[PDB]
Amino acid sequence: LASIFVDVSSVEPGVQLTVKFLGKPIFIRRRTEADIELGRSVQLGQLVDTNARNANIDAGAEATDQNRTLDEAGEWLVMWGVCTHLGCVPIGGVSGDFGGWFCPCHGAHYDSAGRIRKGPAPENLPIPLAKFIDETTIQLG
């Protein structure tokens, strides 16, 4: 019975909701049109980590923008807010050099799809088991 159910009905574009799950933060960002476009503009060959790190799809899936969001429209980016270096909480609100998150502990930069682009972190921020169960609610777990 671990699953939790997050009401995202009030999350506007450019807002991140942070919820605690299994003791750690989950970031739920409703991405802006700029975030989405920028995420879709990155070639796989440009990425540090080409694996989607996404619990919801094949473990060998490529880290395309489309394989990083819950929805086809790419508005809903849900990920563990746990830096893949040493587990600090990355700072969002379009921070760092790649329009995403910056981990101030040792300077990891993640892009607008949560993919690692610069710094000592080895992997893209992982995506939890997560799905919409209706228009307004994301089940985590």
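The first residue of the shown sequence is 1; numbering continues from there.
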Q. So which stretch wins on mean C-alpha B-factor, 42-50 or 106-114?
A. 42-50
Q.
Quick check: 26-34 versus 91-99, which has the larger average CA B-factor in the record?
A. 91-99
Q: Would you please rank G81 by its C-alpha temperature factor against the other modelled residues of its chain and give the third it falls in: lowest, middle or highest?
A: lowest
Q: Check where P126 lands among this chain's C-alpha B-factors and tell me if it's the lowest, middle or highest third.
A: lowest
**Q.** Ranked against its chain, the third holding the CA B-factor of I4
**A.** middle
Q.
Split into thirds by Cα B-factor across the chain's modelled residues, where does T136 land: lowest, middle or highest?
A. highest
Q: Can you work out whether the C-alpha temperature factor of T18 puts it in the lowest, middle or highest third of the chain?
A: middle
